[PDB]
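All remarks here apply to the structure that follows.
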Amino acid sequence: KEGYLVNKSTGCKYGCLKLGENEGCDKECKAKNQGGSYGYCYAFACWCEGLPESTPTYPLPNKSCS
């Protein structure tokens, strides 16, 4: 699936200045704990692709950052 990376501890999204092709969001997205396949900065936050069901995406059911 696609979505914003969420910090399992804060329930907050991962911020990112440089928009579009973002090497920083793509790394964090591919992380083994993430399992994603492709990430870029969108709306000033890290967006992801190819995430397995098991991995959570913003928001968090019991953890708010809003």
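Numbering starts fresh at 1 for the residues of each chain in the structure tokens, the chains themselves are lettered A, B, ... in the order given, and ligands are numbered from 1 as they appear.
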Exercise for review: Tell me, as a list in words, which residues lie within 6 Å of residue 25 (chain A), counting only C-alpha atoms; anything in the same chain fewer than 6 positions away does not count.
Suggested key: residues 39, 40 and 46 of chain A
Would you mind exporting the chosen residues as an mmCIF file, in the first residue's frame, restricted to C-alpha atoms?
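Writing done, so here's result07.cif:
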```
data_model
loop_
_atom_site.group_PDB
_atom_site.id
_atom_site.type_symbol
_atom_site.label_atom_id
_atom_site.label_comp_id
_atom_site.auth_asym_id
_atom_site.auth_seq_id
_atom_site.Cartn_x
_atom_site.Cartn_y
_atom_site.Cartn_z
ATOM 1 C CA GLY A 39 9.498 6.713 -1.188
ATOM 2 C CA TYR A 40 9.366 10.432 -1.931
ATOM 3 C CA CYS A 46 7.609 11.136 3.668
#
```
Exercise for review: Taking the DSSP assignment computed from this structure's backbone, write out as a PyMOL selection string all residues of chain A that belong to strand (DSSP E).
Suggested key: chain A and resi 3-4+38-41+46-49
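Residues surrounding region 17-24 of chain A within 7 Å are residues 28, 40, 41, 42 and 44 of chain A [only C-alpha atoms; sequence separation below 4 positions excluded].
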Requested write-out: N, CA, C and O atoms of the selected residues, as a tab-separated table (two decimals), in the first residue's frame:
```tsv
chain	number	residue	atom	x	y	z
A	28	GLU	N	14.48	5.65	4.17
A	28	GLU	CA	13.60	5.36	5.30
A	28	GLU	C	12.45	4.48	4.87
A	28	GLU	O	11.97	3.67	5.64
A	40	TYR	N	9.10	9.05	-1.53
A	40	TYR	CA	9.37	10.43	-1.93
A	40	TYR	C	8.67	11.41	-0.97
A	40	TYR	O	7.73	11.03	-0.26
A	41	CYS	N	9.13	12.66	-0.95
A	41	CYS	CA	8.56	13.69	-0.07
A	41	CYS	C	7.35	14.36	-0.69
A	41	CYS	O	7.45	15.01	-1.73
A	42	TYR	N	6.20	14.24	-0.03
A	42	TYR	CA	4.98	14.81	-0.56
A	42	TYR	C	4.19	15.58	0.49
A	42	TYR	O	3.84	15.05	1.55
A	44	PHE	N	5.39	17.83	2.16
A	44	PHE	CA	6.32	18.00	3.26
A	44	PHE	C	6.24	16.90	4.31
A	44	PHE	O	6.15	17.16	5.51
```
Practice item. Show which residues sit within 8 Å of residue 3 (chain A), as a ChimeraX atom specification. Count only C-alpha atoms, and ignore same-chain residues fewer than 6 positions away. Key: /A:47-49,57-58
**Study point:** Test item: residues at most 8 Å from residue 37 (chain A), only C-alpha atoms, excluding those fewer than 6 positions along its chain, as a list in words
**Key:** residues 26, 29, 30, 48, 49, 50 and 51 of chain A
**Study point:** Shell of 8 Å around residue 13 (chain A), only C-alpha atoms, local chain residues under 6 positions omitted, as a ChimeraX atom specification
**Key:** /A:4-7,45-46,58
Check your understanding: If you measure from CA of residue 59 (chain A) to CA of residue 11 (chain A), what distance in Å do you get, rounded to one decimal?
Key ->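 Between these atoms lies a distance of 6.8 Å.
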Point to revise | In chain A, DSSP alpha helix (DSSP H) residues written as a ChimeraX atom specification | key: /A:23-30
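Here CA of residue 63 (chain A) stands at a distance of 18.7 Å from CA of residue 33 (chain A).
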Exercise for review: Using only C-alpha atoms, pick whichever of A:15, A:27, A:8, A:36 has the shortest atom-to-atom distance to residue 52 (chain A).
Suggested key: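 Closest candidate: A:36.
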